[PDB]
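Novice: turn this into a model:
(2 chains)
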Protein chains: 2
Amino acid sequence: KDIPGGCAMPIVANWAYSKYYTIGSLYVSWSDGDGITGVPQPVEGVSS
Amino acid sequence: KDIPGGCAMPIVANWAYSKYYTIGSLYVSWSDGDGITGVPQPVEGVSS
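Specialist: Numbering: from 1, shown residues only, chains lettered A, B, ... in the order given. Structure data below:
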């Protein structure tokens, strides 16, 4: 749902790249920090 | 409640500075002007 003072993103659909219809999607707000970090590799565990 | 084209502020709660949970609060929008002015002193009246 909506988050106060936060960015949002839209998902849209195309019919042969001729119709564009958006949908309210992904309200996201964020604080900056060094603790959280996105990792591309899906596997995460006790490994070397 | 929300005000169109206006800033908003969040109130949050902390459990021993370990959990942060915000609440949609104080939608405020404003025009600039010289009439209204915030005064720190609570007492306001006919005084010198």
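Novice: chain center to stretch A:38-48, what's the gap?
Specialist: Centroid separation for stretch A:38-48 versus its chain: 20 Å, with C-alpha atoms, centre = their mean, to the nearest Å.
Novice: go on, stretch A:25-40?
Specialist: From the chain centre to the centre of stretch A:25-40 is a distance of 9 Å (C-alpha atoms, centre = their mean).
Novice: residue A:25 is in contact with residue A:9, correct?
Specialist: Yes: taking contacts as C-beta atoms under 8 Å, residue A:9 lies within contact range of residue A:25: 5.8 Å. In short, each C-beta sits where N, CA and C put it, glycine included.
Novice: please identify the helix or strand for the residue nearest the centre of chain A.
Specialist: With distances taken as C-alpha atoms, centre = their mean, residue A:26 lies nearest the centre of chain A, 6.0 Å away. Using DSSP states H and E, residue A:26 falls within strand A:20-28.
Novice: re the thing from before, ramachandran angles for the closest residue to the residue nearest to the centre of chain A other than its chain neighbours?
Specialist: Among residues not flanking residue A:26 along the chain, residue A:9 sits closest, at 4.5 Å (C-beta to C-beta, 6 or more residues apart in numbering or on different chains). Taking degrees, to the nearest 10, you get phi -130, psi 150 for the backbone angles of residue A:9.
Novice: how about the residue nearest to the centre of chain A, what does it touch?
Specialist: Listed by C-beta atoms under 8 Å, 6 or more residues apart in numbering or on different chains, the contact set of residue A:26 reads A:8-9, A:11.
Novice: let's see that with 10 Å instead.
Specialist: Contacts for residue A:26 (C-beta atoms under 10 Å, 6 or more residues apart in numbering or on different chains) come out as A:3, A:6-11.
Novice: contact partners for residue A:10?
Specialist: Listed by C-beta under 10 Å, 6+ apart, the contact partners of residue A:10 are A:20-26.
Novice: out of those residues, which end up buried?
Specialist: Buried residues within those, defined by neighbour count using 16 or more other C-beta atoms under 10 Å in any protein chain shown: none.
Novice: looking at those, spot the one nearest residue B:42.
Specialist: Closest approach between the contacts of residue A:10 and residue B:42, by C-beta to C-beta: residue A:24, at 43.6 Å.
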